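Let's start with one chain on its own, the form deposited in one PDB entry, as structure tokens.
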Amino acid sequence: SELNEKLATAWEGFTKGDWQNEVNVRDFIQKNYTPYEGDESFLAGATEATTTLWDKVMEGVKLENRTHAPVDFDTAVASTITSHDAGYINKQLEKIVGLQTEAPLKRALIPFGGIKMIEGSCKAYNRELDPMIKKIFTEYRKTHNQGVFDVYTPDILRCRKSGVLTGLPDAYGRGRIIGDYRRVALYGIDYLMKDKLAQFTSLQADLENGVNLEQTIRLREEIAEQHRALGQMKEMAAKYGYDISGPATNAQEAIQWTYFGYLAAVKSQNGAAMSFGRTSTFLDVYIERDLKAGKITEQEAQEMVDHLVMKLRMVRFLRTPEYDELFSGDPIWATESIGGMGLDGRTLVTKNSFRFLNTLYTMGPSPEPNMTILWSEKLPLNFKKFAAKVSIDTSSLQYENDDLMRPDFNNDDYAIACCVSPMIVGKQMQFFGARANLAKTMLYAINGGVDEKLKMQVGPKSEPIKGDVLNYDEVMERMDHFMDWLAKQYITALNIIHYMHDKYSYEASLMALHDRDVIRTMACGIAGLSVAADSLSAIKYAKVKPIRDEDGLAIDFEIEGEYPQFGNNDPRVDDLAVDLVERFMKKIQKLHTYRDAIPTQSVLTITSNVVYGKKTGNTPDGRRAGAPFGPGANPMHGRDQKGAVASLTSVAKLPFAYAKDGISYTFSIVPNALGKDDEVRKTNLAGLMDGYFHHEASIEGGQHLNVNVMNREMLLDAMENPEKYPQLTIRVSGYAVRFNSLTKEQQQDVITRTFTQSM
């Protein structure tokens, strides 16, 4: 209660409010940002420095893509916020600085999560691990991975081996946490440390009085670790020549300070998704102030945004080949949520919303950061059209429904973590759960719990379904049974994982940038939704005959008659998909969870569509053994054949009400199907999204849309001549990848997906 000079100088001219007396970034934004309803005509192009820097870094990116391996990585240093010396691309040119290690794209060792994974990476990429690192993290500091495997059950291990529940966060950082990095810029580290000491002290009475004793002790230790991490952030920044004890005083510092908060996160944790947040409009407050004061020019502002975004394009983590199969394309999910509307009806689009999108022109297409447009039917048309143009030109953006999510939270300061999972910034996080194989679960119902590939009893022993023709009611009754079992094994695995991750790899630097009490959801994903829905549809509307082996195991199916497939706006099958989503949500909702994290569901797969597909045999819908499932909530490859409106309609029917962790849809449309020329294409794409996301009391609308605007012929050319397309980026599951970063098998999945040929 008395702002020192540091705060005074930094906050000069800002509209006053609660944000000056307590940590409240949303209040600061609301009182200070400038809504922008204009067009992209004010945008500046790249400076020579930006191009020199990015062109150099791209040589490392090309090396990564051609070798499908890291440019370099540590073999003898355990990474922490302060372990590495300052690293640069070219110190004379960078306006925003900071790298994870001492060299661009060199990956770190983050051992707290597990030592076996590091050993696996060293073997895979032909480097020798320092014996000391192995010793420390085997005998002295236990890891998250070992804690989990020490407590797992034989049943969970069988599910992992068989492909019914695989790829969970037992061997990589859980992620799904977004510290509010904007807090570093707004308040400075010292203010945040004082606030954390107050939070710590506020728990003393409960501790002394024996109120929720263990929970209170745990939280006090976590806050002490958060406070320690904040101090370490100052030391890290000082290595780069910056004193971040006080608040940022100008645009360059606001961008730099925010990035430093994020840099501490990616130097200390290797979460699968390390998302950036909802920062562009916040940063516009500082940029606008400097532009009006004549302190910086628009080109200088674009340059600072470019250098920040360039650093987000350089975040890297050492991963194993196994991880690469589950999360393809060397992803980071440095997700940035752009635009949206405020609860007061004003748009949250700012000139900076345009500057962030402009990085796809100043430095070309790029998969990271994962730029996510928070769409509203009320967004300024100028912005709707520019975003559509950027999608048409680069296929690098995704869109999510602000008209659905803002009212659901009654909050206009939520951000997207990873692909499609919303959280109020600094107040909420998710316990990541990857996803379960719903399609294989259906086969288990038909086969009495016996795996169709391993011929091992994995699910509970049950009587396999008999007869030469499958009956929908019977199959669905057994499937419901196995969904109960799946939910229990899944939540049990996640309870173990998150208990161990809190114990052995607590994300102190990210949690330090959250309120004292954070809302946690237990995010359960489902893979193979359209395979399961179409399988049920074939059984219900056609005649499906099981082909059994000498043991009675259904290893194939013959289908007589046509049946409705998901993605063609046919309620007969779409209703089955909606039902499966509701059904699984209701089952996980009944189970006890670690830290009482609220169960939620997402229809999302990342590359588990390929991994689970490889481990799943022939299914009733006609899909062949080993074939990929569709990505996320997508109709199976090529089955949506009635056009864009029809497939968008089928997907929009899936209920966000029962899948609050998100519903991913990857939409690819050929240029000429989208429109006759550029202007018409922009108008039509904005129109398609307005219809898909349309929300009213009786219509939920879709929640997410990846948009690719390309001809399949071009991707085939890139498969044959990768050198011609070094920056070619494509949306694939709720994030983007450089097409050349994928393995051939992953490219085959992508090229056989639906390329929509009509409205």
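Throughout, rigid core stands for the largest set of C-alpha atoms superposing within 1.5 Å between the two forms. Numbering starts at 1 and runs along the sequence shown.
One more form of this protein, deposited in another entry, exists but is not displayed; see below.
Chemist: To test your reading of the superposition: with the rigid core aligned, which of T359, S509, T281, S608 moves its Cα by 2 angstroms or more between the shown form and the other one?
Modeler: The answer here is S608.
Chemist: Could you check whether the CA atom of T335 moves 2 Å or more between the shown form and the other one, using the rigid core for the fit?
Modeler: No, the C-alpha moves less than 2 Å.
Chemist: After a rigid core superposition, would you say the CA of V420 moves by 2 angstroms or more between the shown form and the other one, or not?
Modeler: Moves: yes, 2 Å or greater.
Chemist: Quick check on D170: with the core superposed, does its CA move 2 angstroms or more between the shown form and the other one?
Modeler: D170: C-alpha displaced by less than 2 Å between the shown form and the other one.
Chemist: Given that the distance between the C-alpha atoms of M310 and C419 changes by 3 Å or more in the other entry, do they end up closer or farther than here?
Modeler: Pair moves farther apart in the other entry.
Chemist: So the Cα-Cα distance between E336 and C419 shifts by 3 Å or more in the other entry; is it shorter or longer than what we see here?
Modeler: Farther, not closer.
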